[PDB]
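K.L.:
Sequence below, structure please.
(one chain, ligands or ions: 1)
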Amino acid sequence: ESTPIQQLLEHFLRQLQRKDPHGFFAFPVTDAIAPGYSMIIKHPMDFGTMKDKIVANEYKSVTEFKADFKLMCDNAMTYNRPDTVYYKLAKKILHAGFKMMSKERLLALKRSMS
Ligand SMILES: CCn1cc(-c2cccc(C(F)(F)F)c2)c2sc(/C(N)=N/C3CCS(=O)(=O)CC3)cc2c1=O
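P.N.:
Numbers count the residues shown, from 1 in each chain. Dropping the coordinates below:
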């Protein structure tokens with residue numbers, strides 16, 4: 001079964017993945033679909049890998065989850081040119097998670113759960 005932190009992270013993940021309806025961020029980027037990806041991007045990340053990590057209870061904190069989320073977005077903005085769908089979508093998703101998981105919103109959540 002599940003734990004409170006897992007339920008919270010699943011919620012954040014679900015809200016974020018809704019902004020990627022075509023699934024560009026859904027599973028690991030292959031070298032076949034992105035030439036040279038593994039050369040340029042040393043630490044790949046995607047929503048599916050993150051979900052698996054939530055299920056395995058690997059995130060000890062929201063900070064650890066936010067780090068992988070930011071990594072996924074940063075990889076897409078690093079490997080792709082600014083005028084691409086991937087870069088623009090990564091920037092939109094990053095802004096959404098930054099707002100959703102802000103320190104201020106997390107403080108308020110903490111206060112409600114005291
Ligand atoms: C956002 C993660 N991600 C995902 C893909 C991707 C994955 C599965 C399926 C598809 C597709 F079928 F819709 F094409 C794309 C790709 S593909 C790709 C790719 N070939 N990017 C090039 C775009 C033009 S460029 O910026 O000049 C050079 C990199 C980058 C990513 C990516 O970061």
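
K.L.:
Return the set of buried residues in whichever strand or helix holds residue 97.
P.N.:
Using DSSP states H and E, the element containing residue 97 is helix 85-100. For helix 85-100, burial by neighbour count (16 or more other Cβ atoms under 10 Å) applies to 86, 87, 89, 90, 93, 94, 97. No exception for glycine: its C-beta is placed from N, CA and C like everyone else's.

K.L.:
Then stretch 38-57?
P.N.:
Those would be 41, 44, 45, 46, 47, 50, 51, 53, 54, for stretch 38-57 by 16+ other Cβ under 10 Å.

K.L.:
next one: that stretch to chain centre, how far?
P.N.:
Computed by Cα atoms, centre = their mean, to the nearest Å, the separation of stretch 38-57 from the middle of its chain amounts to 8 Å.

K.L.:
Likewise for stretch 28-47?
P.N.:
15 Å.

K.L.:
who touches that stretch?
P.N.:
Residues outside stretch 28-47 that contact it (Cβ atoms under 8 Å, 6 or more residues apart in numbering): 13, 16-17, 20, 25-27, 48-49, 68-69, 71-72, 75, 78-79.

K.L.:
do the same with stretch 51-69
P.N.:
Contacts of stretch 51-69 (Cβ under 8 Å, 6+ apart): 3, 5-6, 8-10, 12-13, 16, 45, 49-50, 97, 101, 106.
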